[PDB]
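File shown here: upload.cif, holding mmCIF, C-alpha atoms and all ligand atoms.
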data_work
loop_
_atom_site.label_atom_id
_atom_site.label_comp_id
_atom_site.auth_asym_id
_atom_site.auth_seq_id
_atom_site.Cartn_x
_atom_site.Cartn_y
_atom_site.Cartn_z
CA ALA A 1 -119.44 -138.40 -64.29
CA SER A 2 -118.67 -142.08 -64.78
CA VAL A 3 -117.62 -144.27 -61.88
CA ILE A 4 -114.69 -145.17 -64.16
CA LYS A 5 -112.33 -142.19 -63.66
CA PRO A 6 -109.63 -141.11 -66.16
CA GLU A 7 -107.11 -142.67 -63.78
CA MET A 8 -107.84 -145.82 -61.78
CA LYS A 9 -105.59 -147.61 -59.34
CA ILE A 10 -105.34 -151.41 -59.18
CA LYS A 11 -104.89 -153.88 -56.35
CA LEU A 12 -104.87 -157.61 -56.91
CA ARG A 13 -104.00 -160.96 -55.40
CA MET A 14 -103.33 -164.16 -57.36
CA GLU A 15 -103.18 -167.61 -55.82
CA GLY A 16 -102.37 -170.56 -57.96
CA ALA A 17 -100.21 -173.48 -58.93
CA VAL A 18 -98.34 -174.54 -62.06
CA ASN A 19 -97.31 -178.19 -62.49
CA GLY A 20 -97.92 -178.57 -58.75
CA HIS A 21 -95.83 -175.56 -57.62
CA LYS A 22 -97.99 -173.29 -55.45
CA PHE A 23 -97.55 -169.54 -55.33
CA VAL A 24 -99.12 -166.25 -54.26
CA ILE A 25 -98.54 -162.95 -56.10
CA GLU A 26 -99.83 -159.54 -55.06
CA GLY A 27 -99.96 -156.43 -57.21
CA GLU A 28 -100.46 -152.67 -57.11
CA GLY A 29 -100.67 -150.38 -60.07
CA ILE A 30 -102.41 -147.63 -61.96
CA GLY A 31 -103.74 -147.06 -65.44
CA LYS A 32 -105.88 -144.92 -67.73
CA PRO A 33 -109.03 -146.89 -68.67
CA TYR A 34 -110.02 -144.62 -71.58
CA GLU A 35 -106.46 -144.66 -73.01
CA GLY A 36 -106.19 -148.45 -72.69
CA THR A 37 -102.88 -148.28 -70.76
CA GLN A 38 -101.92 -149.71 -67.38
CA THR A 39 -98.84 -150.53 -65.30
CA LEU A 40 -98.55 -153.01 -62.43
CA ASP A 41 -95.91 -153.75 -59.82
CA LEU A 42 -96.15 -157.44 -58.91
CA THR A 43 -94.55 -159.21 -55.94
CA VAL A 44 -94.20 -162.95 -55.29
CA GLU A 45 -95.40 -163.36 -51.69
CA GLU A 46 -95.27 -167.19 -51.56
CA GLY A 47 -93.53 -169.82 -53.65
CA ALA A 48 -90.48 -167.77 -54.62
CA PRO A 49 -88.54 -168.42 -56.71
CA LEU A 50 -91.07 -169.41 -59.37
CA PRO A 51 -89.79 -172.44 -61.34
CA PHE A 52 -91.67 -171.53 -64.54
CA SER A 53 -91.80 -168.77 -67.12
CA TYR A 54 -93.40 -165.68 -65.60
CA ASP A 55 -94.93 -164.90 -69.01
CA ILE A 56 -97.65 -167.56 -68.69
CA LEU A 57 -99.13 -165.51 -65.82
CA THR A 58 -99.07 -161.99 -67.23
CA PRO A 59 -102.35 -161.94 -69.25
CA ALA A 60 -104.12 -163.04 -66.07
CA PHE A 61 -102.82 -159.86 -64.37
CA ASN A 62 -108.91 -156.37 -66.93
CA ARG A 63 -110.56 -155.28 -70.17
CA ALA A 64 -111.81 -152.09 -68.47
CA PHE A 65 -108.32 -150.87 -69.50
CA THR A 66 -109.19 -150.76 -73.21
CA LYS A 67 -109.59 -147.75 -75.48
CA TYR A 68 -113.09 -148.21 -76.87
CA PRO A 69 -114.26 -146.12 -79.85
CA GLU A 70 -117.58 -144.43 -79.22
CA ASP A 71 -119.47 -146.52 -81.79
CA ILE A 72 -118.69 -149.84 -80.03
CA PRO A 73 -120.49 -150.44 -76.71
CA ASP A 74 -117.92 -150.90 -73.95
CA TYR A 75 -119.12 -153.98 -72.06
CA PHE A 76 -116.41 -153.65 -69.45
CA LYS A 77 -116.73 -150.01 -68.38
CA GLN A 78 -120.54 -150.38 -68.37
CA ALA A 79 -120.18 -153.27 -65.88
CA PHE A 80 -119.14 -150.99 -63.08
CA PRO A 81 -119.51 -150.22 -60.22
CA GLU A 82 -120.85 -153.72 -59.55
CA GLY A 83 -118.05 -155.31 -61.57
CA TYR A 84 -117.54 -158.39 -63.68
CA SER A 85 -115.70 -161.72 -63.74
CA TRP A 86 -113.89 -163.66 -66.43
CA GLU A 87 -112.66 -167.21 -66.88
CA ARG A 88 -110.08 -168.31 -69.42
CA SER A 89 -108.60 -171.50 -70.84
CA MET A 90 -105.03 -171.29 -72.16
CA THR A 91 -104.09 -174.32 -74.32
CA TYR A 92 -100.45 -174.51 -75.36
CA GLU A 93 -99.12 -176.28 -78.44
CA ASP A 94 -97.30 -178.91 -76.32
CA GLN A 95 -100.59 -179.62 -74.43
CA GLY A 96 -99.74 -177.54 -71.40
CA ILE A 97 -103.01 -176.17 -70.07
CA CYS A 98 -103.91 -173.28 -67.76
CA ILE A 99 -107.31 -172.21 -66.40
CA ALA A 100 -107.73 -168.88 -64.64
CA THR A 101 -110.65 -167.16 -62.93
CA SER A 102 -110.73 -163.50 -61.87
CA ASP A 103 -113.34 -161.44 -60.00
CA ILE A 104 -113.06 -157.70 -60.59
CA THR A 105 -114.65 -155.16 -58.26
CA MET A 106 -114.22 -151.46 -57.61
CA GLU A 107 -114.06 -149.11 -54.63
CA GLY A 108 -113.44 -145.40 -55.11
CA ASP A 109 -110.77 -144.90 -57.78
CA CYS A 110 -109.33 -148.44 -57.45
CA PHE A 111 -110.06 -151.81 -59.08
CA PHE A 112 -109.66 -154.96 -56.99
CA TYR A 113 -108.93 -158.37 -58.54
CA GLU A 114 -109.07 -161.78 -56.91
CA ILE A 115 -107.40 -164.21 -59.34
CA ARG A 116 -107.10 -168.00 -59.21
CA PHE A 117 -104.61 -169.59 -61.63
CA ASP A 118 -104.14 -173.33 -62.22
CA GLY A 119 -101.83 -174.84 -64.82
CA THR A 120 -100.48 -178.32 -65.37
CA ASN A 121 -99.37 -180.88 -68.00
CA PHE A 122 -96.38 -178.77 -69.07
CA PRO A 123 -93.49 -180.98 -70.28
CA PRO A 124 -90.70 -180.72 -67.67
CA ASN A 125 -88.13 -179.85 -70.35
CA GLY A 126 -90.40 -177.52 -72.34
CA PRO A 127 -89.96 -173.76 -72.59
CA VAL A 128 -92.39 -172.96 -69.77
CA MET A 129 -90.78 -175.11 -67.07
CA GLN A 130 -87.27 -174.31 -68.39
CA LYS A 131 -87.93 -170.53 -68.49
CA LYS A 132 -87.03 -170.14 -72.17
CA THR A 133 -89.73 -167.56 -73.04
CA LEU A 134 -88.88 -163.97 -73.99
CA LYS A 135 -92.23 -162.18 -74.41
CA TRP A 136 -95.74 -162.45 -75.79
CA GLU A 137 -96.15 -161.18 -79.32
CA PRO A 138 -98.75 -158.43 -79.80
CA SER A 139 -102.10 -160.05 -80.53
CA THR A 140 -105.66 -159.46 -81.74
CA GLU A 141 -108.50 -160.90 -79.63
CA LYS A 142 -111.78 -161.58 -81.45
CA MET A 143 -114.74 -160.52 -79.30
CA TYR A 144 -118.20 -161.96 -79.94
CA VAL A 145 -121.48 -162.49 -78.10
CA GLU A 146 -122.86 -165.96 -77.45
CA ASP A 147 -125.41 -167.22 -74.90
CA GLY A 148 -125.99 -163.55 -74.12
CA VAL A 149 -122.46 -163.05 -72.75
CA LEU A 150 -119.25 -161.64 -74.18
CA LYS A 151 -116.55 -164.07 -75.28
CA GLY A 152 -113.09 -163.65 -76.73
CA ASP A 153 -110.70 -165.83 -78.74
CA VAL A 154 -107.08 -164.95 -79.38
CA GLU A 155 -104.20 -166.94 -80.86
CA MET A 156 -101.17 -166.09 -78.73
CA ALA A 157 -97.48 -166.66 -79.34
CA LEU A 158 -94.49 -166.59 -77.01
CA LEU A 159 -91.15 -165.65 -78.57
CA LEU A 160 -88.54 -168.19 -77.46
CA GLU A 161 -84.84 -167.90 -76.80
CA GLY A 162 -83.29 -168.70 -80.16
CA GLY A 163 -86.08 -167.11 -82.20
CA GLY A 164 -88.77 -169.80 -82.17
CA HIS A 165 -92.42 -169.25 -81.29
CA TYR A 166 -94.46 -171.28 -78.78
CA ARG A 167 -98.18 -171.00 -79.42
CA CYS A 168 -101.27 -170.81 -77.21
CA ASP A 169 -105.03 -170.53 -77.81
CA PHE A 170 -106.99 -168.34 -75.39
CA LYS A 171 -110.74 -168.74 -74.83
CA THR A 172 -112.27 -166.25 -72.40
CA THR A 173 -115.79 -165.72 -71.09
CA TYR A 174 -116.58 -162.29 -69.63
CA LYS A 175 -119.76 -161.81 -67.53
CA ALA A 176 -120.96 -158.57 -65.96
CA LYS A 177 -122.84 -158.78 -62.67
CA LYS A 178 -125.68 -156.71 -64.21
CA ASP A 179 -127.25 -156.53 -67.66
CA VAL A 180 -125.44 -154.08 -69.94
CA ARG A 181 -125.56 -153.08 -73.60
CA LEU A 182 -123.81 -155.88 -75.52
CA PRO A 183 -121.54 -154.93 -78.43
CA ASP A 184 -121.37 -156.42 -81.88
CA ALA A 185 -118.41 -158.57 -82.89
CA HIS A 186 -115.20 -156.54 -82.73
CA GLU A 187 -111.50 -156.96 -82.05
CA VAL A 188 -109.05 -155.88 -79.36
CA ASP A 189 -105.39 -155.32 -80.23
CA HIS A 190 -103.08 -156.02 -77.28
CA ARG A 191 -99.45 -155.39 -76.42
CA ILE A 192 -98.20 -156.72 -73.07
CA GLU A 193 -94.65 -156.24 -71.81
CA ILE A 194 -92.58 -156.91 -68.72
CA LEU A 195 -90.86 -153.51 -68.45
CA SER A 196 -88.35 -154.65 -65.80
CA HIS A 197 -87.86 -157.45 -63.29
CA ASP A 198 -85.39 -158.63 -60.68
CA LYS A 199 -83.28 -161.76 -61.14
CA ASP A 200 -85.89 -164.39 -60.18
CA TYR A 201 -88.99 -162.37 -61.18
CA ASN A 202 -89.95 -161.87 -57.53
CA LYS A 203 -90.48 -158.22 -58.54
CA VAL A 204 -92.02 -157.50 -61.94
CA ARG A 205 -93.29 -154.31 -63.55
CA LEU A 206 -95.90 -155.15 -66.19
CA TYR A 207 -97.42 -153.00 -68.93
CA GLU A 208 -100.35 -153.52 -71.32
CA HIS A 209 -101.74 -151.39 -74.12
CA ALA A 210 -105.10 -152.39 -75.63
CA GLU A 211 -107.54 -150.78 -78.10
CA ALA A 212 -110.86 -151.96 -79.57
CA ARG A 213 -111.81 -151.65 -83.25
CA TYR A 214 -114.18 -153.20 -85.77
CA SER A 215 -112.19 -154.90 -88.55
CA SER B 1 -110.37 -183.48 -43.59
CA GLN B 2 -114.03 -182.92 -44.17
CA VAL B 3 -112.45 -182.66 -47.64
CA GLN B 4 -113.30 -185.78 -49.62
CA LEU B 5 -113.39 -186.72 -53.30
CA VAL B 6 -115.45 -189.64 -54.65
CA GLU B 7 -115.55 -190.70 -58.31
CA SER B 8 -118.45 -192.81 -59.57
CA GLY B 9 -119.70 -194.32 -62.81
CA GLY B 10 -116.83 -196.56 -63.95
CA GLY B 11 -117.46 -199.99 -65.35
CA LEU B 12 -117.08 -202.57 -68.10
CA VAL B 13 -118.17 -201.41 -71.55
CA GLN B 14 -117.30 -202.51 -75.08
CA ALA B 15 -115.45 -200.48 -77.71
CA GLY B 16 -117.66 -197.76 -79.14
CA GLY B 17 -119.67 -197.59 -75.91
CA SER B 18 -120.51 -194.80 -73.47
CA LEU B 19 -120.05 -194.06 -69.78
CA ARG B 20 -120.88 -191.01 -67.67
CA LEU B 21 -118.39 -190.51 -64.86
CA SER B 22 -118.96 -188.07 -62.04
CA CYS B 23 -116.79 -186.68 -59.26
CA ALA B 24 -118.29 -185.28 -56.04
CA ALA B 25 -116.25 -183.14 -53.64
CA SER B 26 -117.18 -182.09 -50.11
CA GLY B 27 -115.48 -179.59 -47.84
CA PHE B 28 -114.96 -176.68 -50.27
CA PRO B 29 -116.94 -173.55 -51.12
CA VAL B 30 -119.11 -174.21 -54.16
CA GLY B 31 -117.56 -173.32 -57.51
CA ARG B 32 -114.42 -171.55 -56.30
CA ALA B 33 -111.83 -174.03 -57.61
CA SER B 34 -111.18 -175.62 -60.98
CA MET B 35 -111.66 -179.38 -61.22
CA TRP B 36 -109.42 -181.76 -63.15
CA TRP B 37 -109.79 -185.30 -64.48
CA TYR B 38 -106.85 -187.70 -64.75
CA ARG B 39 -106.54 -191.38 -65.56
CA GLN B 40 -103.89 -194.04 -64.95
CA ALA B 41 -103.62 -197.40 -66.73
CA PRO B 42 -101.48 -200.48 -65.70
CA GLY B 43 -97.80 -199.79 -66.40
CA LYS B 44 -98.49 -196.36 -67.88
CA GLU B 45 -97.93 -192.99 -66.28
CA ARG B 46 -100.78 -190.71 -65.26
CA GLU B 47 -102.49 -188.84 -68.11
CA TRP B 48 -104.36 -185.56 -67.87
CA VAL B 49 -107.83 -185.96 -69.40
CA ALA B 50 -110.03 -182.86 -68.96
CA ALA B 51 -110.55 -179.73 -66.86
CA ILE B 52 -113.33 -177.26 -66.04
CA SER B 53 -113.11 -173.78 -64.53
CA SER B 54 -114.46 -172.71 -61.12
CA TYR B 55 -117.72 -171.37 -62.57
CA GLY B 56 -117.91 -173.87 -65.43
CA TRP B 57 -117.56 -171.22 -68.17
CA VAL B 58 -114.46 -172.76 -69.78
CA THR B 59 -113.29 -176.33 -70.35
CA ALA B 60 -110.27 -178.12 -71.81
CA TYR B 61 -109.48 -181.62 -73.06
CA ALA B 62 -106.46 -183.73 -73.89
CA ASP B 63 -106.02 -184.18 -77.65
CA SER B 64 -106.69 -187.93 -77.34
CA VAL B 65 -110.21 -187.36 -75.93
CA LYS B 66 -111.30 -184.10 -77.61
CA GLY B 67 -114.57 -184.57 -79.47
CA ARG B 68 -115.31 -187.80 -77.57
CA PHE B 69 -115.51 -186.63 -73.91
CA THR B 70 -117.51 -183.72 -72.49
CA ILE B 71 -116.97 -182.20 -69.06
CA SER B 72 -119.68 -180.29 -67.18
CA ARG B 73 -120.27 -179.02 -63.68
CA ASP B 74 -123.18 -178.40 -61.31
CA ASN B 75 -123.65 -174.68 -60.73
CA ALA B 76 -124.67 -175.32 -57.11
CA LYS B 77 -122.41 -178.22 -56.05
CA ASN B 78 -118.76 -179.18 -56.46
CA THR B 79 -119.86 -182.08 -58.65
CA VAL B 80 -118.38 -182.58 -62.11
CA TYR B 81 -119.47 -184.96 -64.87
CA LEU B 82 -117.38 -186.52 -67.65
CA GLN B 83 -119.52 -187.88 -70.49
CA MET B 84 -117.31 -190.45 -72.25
CA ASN B 85 -118.52 -191.39 -75.76
CA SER B 86 -116.94 -193.47 -78.54
CA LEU B 87 -114.76 -195.31 -76.05
CA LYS B 88 -111.54 -197.03 -77.13
CA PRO B 89 -109.42 -199.76 -75.50
CA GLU B 90 -106.72 -197.16 -74.79
CA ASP B 91 -109.28 -195.41 -72.53
CA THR B 92 -109.08 -198.32 -70.05
CA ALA B 93 -107.78 -196.95 -66.74
CA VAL B 94 -108.68 -195.72 -63.29
CA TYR B 95 -110.12 -192.21 -63.65
CA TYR B 96 -109.86 -189.69 -60.87
CA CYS B 97 -110.50 -186.05 -60.19
CA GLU B 98 -108.66 -183.36 -58.26
CA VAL B 99 -109.80 -180.02 -56.90
CA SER B 100 -107.47 -177.29 -58.21
CA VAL B 101 -103.83 -178.13 -59.01
CA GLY B 102 -101.20 -179.20 -56.48
CA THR B 103 -103.50 -179.58 -53.44
CA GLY B 104 -102.75 -183.20 -52.56
CA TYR B 105 -106.51 -183.84 -52.33
CA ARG B 106 -107.33 -186.83 -54.54
CA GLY B 107 -110.14 -189.38 -54.82
CA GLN B 108 -109.80 -193.17 -54.92
CA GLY B 109 -110.79 -193.21 -58.59
CA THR B 110 -113.19 -195.26 -60.65
CA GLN B 111 -112.24 -198.11 -62.98
CA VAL B 112 -113.10 -197.90 -66.69
CA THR B 113 -112.41 -201.01 -68.78
CA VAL B 114 -113.09 -200.90 -72.52
CA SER B 115 -113.24 -204.33 -74.14
CA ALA B 116 -112.14 -204.52 -77.77
CA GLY B 117 -114.98 -205.75 -79.96
NA NA C 301 -95.20 -161.02 -70.35
NA NA C 302 -91.13 -161.19 -70.82
#
Show me, as structure tokens, the structure contained in the file I just sent.
Ligand code: NA
Ligand code: NA
Amino acid sequence: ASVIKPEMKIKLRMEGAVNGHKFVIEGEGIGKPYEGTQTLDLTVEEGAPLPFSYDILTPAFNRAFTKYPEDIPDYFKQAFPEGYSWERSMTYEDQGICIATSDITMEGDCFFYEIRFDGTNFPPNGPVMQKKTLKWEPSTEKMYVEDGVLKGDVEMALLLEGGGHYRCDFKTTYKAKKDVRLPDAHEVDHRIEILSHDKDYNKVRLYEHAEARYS
Amino acid sequence: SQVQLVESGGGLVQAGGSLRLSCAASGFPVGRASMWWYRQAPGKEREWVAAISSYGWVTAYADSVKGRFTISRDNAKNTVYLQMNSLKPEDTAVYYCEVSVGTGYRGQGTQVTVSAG
């Protein structure tokens, strides 16, 4: 038996601020780590209504939920039960910038995330502060090892109202609490989607599908 | 209000010179908030300069300073360093740091003046 069950629940709390607006979001959900699928129900507990596009937050809301082929070592599942943390810089094409940190632990059949999210320098009339984003496009994150830890780069793109795209570069460092078998360079294909939401995004249901592969 | 922020290292340097700023925070748990550099010149509005994550694993820079400035952080203290190389007159300003975003906690700043020539 692995400590990572075929079905794992999720509980999380995010505290953060975007362009000075503070907020707290809590989440509950469930997913299938070996299928690479998960669903989360998120609730704005402080700072409602959010004055910025909810989409900039959603990738901060766990690479344990990735379908890993057997010939690629799975850094994330191996990291449990002790867990792992990641930090991420998100640099937007209009020089908006976000930095997030998340600590991921486990108890029983449930992951626990504590997430800190800070963003600023977004133009007040840009698509983030004016809530003109529609969705993230599906993406491909390039995973590589450097300094003995696992890192990932992905070029991201938000579809805008009117058909434009608004671009972002993600740089992530992932660090397990213990030493684990490190993989070779590979890729992770992602698809993240807000399945439903209420008017102001105080309630959001969020889905990701993710799968690792070599080339 | 044991929370305090103190920037050090500013000064008068000539164009093409170097300075190493630092920003020391007290009153917070070590390495559990991101830290952010800003600067503000005479009649100009405040500019974001650089940022570093809680644990120091990731960094970010404004386009105007990328490749010239480097941000780093003590793993055991809330102390951040901004190595400023290849300085330009446009870099003249008061530089300050903030813990996290939107906290209201700000330091007095440190004056950087870059003399042309
Ligand atoms: Na989204
Ligand atoms: Na969306």
Neighbourhood of ligand NA 302 (chain C) at 6 Å, counting only C-alpha atoms and all ligand atoms, reported as number ranges by chain: A: 55, 134-135, 194
Mind writing the picked residues with C-alpha atoms as an mmCIF file, in the frame of the given file?
data_model
loop_
_atom_site.group_PDB
_atom_site.id
_atom_site.type_symbol
_atom_site.label_atom_id
_atom_site.label_comp_id
_atom_site.auth_asym_id
_atom_site.auth_seq_id
_atom_site.Cartn_x
_atom_site.Cartn_y
_atom_site.Cartn_z
ATOM 1 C CA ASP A 55 -94.930 -164.900 -69.010
ATOM 2 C CA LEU A 134 -88.880 -163.970 -73.990
ATOM 3 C CA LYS A 135 -92.230 -162.180 -74.410
ATOM 4 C CA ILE A 194 -92.580 -156.910 -68.720
#
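Of note, atom CA of residue 160 of chain A and atom CA of residue 205 of chain A are spaced 20.2 Å apart.
If we count only C-alpha atoms, these residues of chain B sit within 10 Å of chain A: residues 32, 33, 34, 35, 36, 47, 48, 49, 50, 51, 52, 53, 54, 55, 56, 57, 58, 59, 60, 61, 62, 63, 100, 101, 102, 103 and 104 of chain B.
When only C-alpha atoms are used to compute distances to residue 87 of chain B, the closest of the residues B:73, B:106, B:46, B:68 turns out to be B:68.
Take atom CA of residue 110 of chain B and atom CA of residue 67 of chain B: the distance between them is 21.7 Å.
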Taking all listed atoms of segment 90-98 of chain A, build the axis-aligned box, pad each of the six sides by 4 Å, then write its centre and edge lengths in Å to one decimal as lines of an AutoDock Vina configuration file.
center_x = -101.2
center_y = -175.5
center_z = -73.1
size_x = 15.7
size_y = 16.3
size_z = 18.7
Non-local contacts of residue 31 of chain A (12 Å; all atoms listed in the file; under 3 positions in same chain excluded) as a PyMOL selection string: chain A and resi 4-11+28+34-41+62-67+109-111+206-210
Contacts of residue 141 of chain A within 6 Å, only C-alpha atoms, excl. fewer than 2 positions in-chain, as a ChimeraX atom specification: /A:153-154,187-188
Long-range neighbours of residue 82 of chain A as a PyMOL selection string, 9 Å cut-off, all atoms listed in the file, 6 positions minimum in chain: chain A and resi 104-106+176-178
Can you write out as a tab-separated table which residues of chain A fall within 12 Å of ligand NA 301 (chain C), alongside each residue's closest atom pair and its distance in Å to one decimal, counting only C-alpha atoms and all ligand atoms and ordering rows by chain and ascending residue number?
residue	atom	partner	partner_atom	distance
A:40	CA	C:NA301	NA	11.8
A:53	CA	C:NA301	NA	9.1
A:54	CA	C:NA301	NA	6.9
A:55	CA	C:NA301	NA	4.1
A:56	CA	C:NA301	NA	7.2
A:57	CA	C:NA301	NA	7.5
A:58	CA	C:NA301	NA	5.1
A:59	CA	C:NA301	NA	7.3
A:60	CA	C:NA301	NA	10.1
A:61	CA	C:NA301	NA	9.8
A:133	CA	C:NA301	NA	8.9
A:134	CA	C:NA301	NA	7.9
A:135	CA	C:NA301	NA	5.2
A:136	CA	C:NA301	NA	5.7
A:137	CA	C:NA301	NA	9.0
A:138	CA	C:NA301	NA	10.4
A:156	CA	C:NA301	NA	11.5
A:157	CA	C:NA301	NA	10.9
A:158	CA	C:NA301	NA	8.7
A:159	CA	C:NA301	NA	10.3
A:190	CA	C:NA301	NA	11.6
A:191	CA	C:NA301	NA	9.3
A:192	CA	C:NA301	NA	5.9
A:193	CA	C:NA301	NA	5.0
A:194	CA	C:NA301	NA	5.1
A:195	CA	C:NA301	NA	8.9
A:196	CA	C:NA301	NA	10.4
A:197	CA	C:NA301	NA	10.8
A:201	CA	C:NA301	NA	11.2
A:204	CA	C:NA301	NA	9.7
A:205	CA	C:NA301	NA	9.7
A:206	CA	C:NA301	NA	7.2
A:207	CA	C:NA301	NA	8.4
A:208	CA	C:NA301	NA	9.1
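Interatomic distance, atom CA of residue 85 of chain B against atom CA of residue 6 of chain B: 21.4 Å.
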At most 9 Å from (-98.6, -164.2, -52.6), file frame, all atoms listed in the file: which residues, as a compact mmCIF listing (two decimals) with C-alpha atoms, in the frame of the given file?
# COMPACT_ATOMS: atom_id res chain seq x y z
CA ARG A 13 -104.00 -160.96 -55.40
CA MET A 14 -103.33 -164.16 -57.36
CA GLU A 15 -103.18 -167.61 -55.82
CA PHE A 23 -97.55 -169.54 -55.33
CA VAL A 24 -99.12 -166.25 -54.26
CA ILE A 25 -98.54 -162.95 -56.10
CA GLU A 26 -99.83 -159.54 -55.06
CA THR A 43 -94.55 -159.21 -55.94
CA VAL A 44 -94.20 -162.95 -55.29
CA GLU A 45 -95.40 -163.36 -51.69
CA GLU A 46 -95.27 -167.19 -51.56
CA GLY A 47 -93.53 -169.82 -53.65
For residue 27 of chain B: contacts at 10 Å, all atoms listed in the file, fewer than 5 positions along chain excluded, given as number ranges by chain: B: 1-5, 78
Suppose we keep C-alpha atoms; can you now write the selection as a CSV table (one decimal), keeping the file's coordinate frame?
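Final file, selection-v7.csv:
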chain,number,residue,atom,x,y,z
B,1,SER,CA,-110.4,-183.5,-43.6
B,2,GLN,CA,-114.0,-182.9,-44.2
B,3,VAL,CA,-112.4,-182.7,-47.6
B,4,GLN,CA,-113.3,-185.8,-49.6
B,5,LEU,CA,-113.4,-186.7,-53.3
B,78,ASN,CA,-118.8,-179.2,-56.5
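Ranking B:42, B:109, B:89, B:31 by their shortest atom-to-atom distance to residue 13 of chain B, with all atoms listed in the file included, puts B:89 first.
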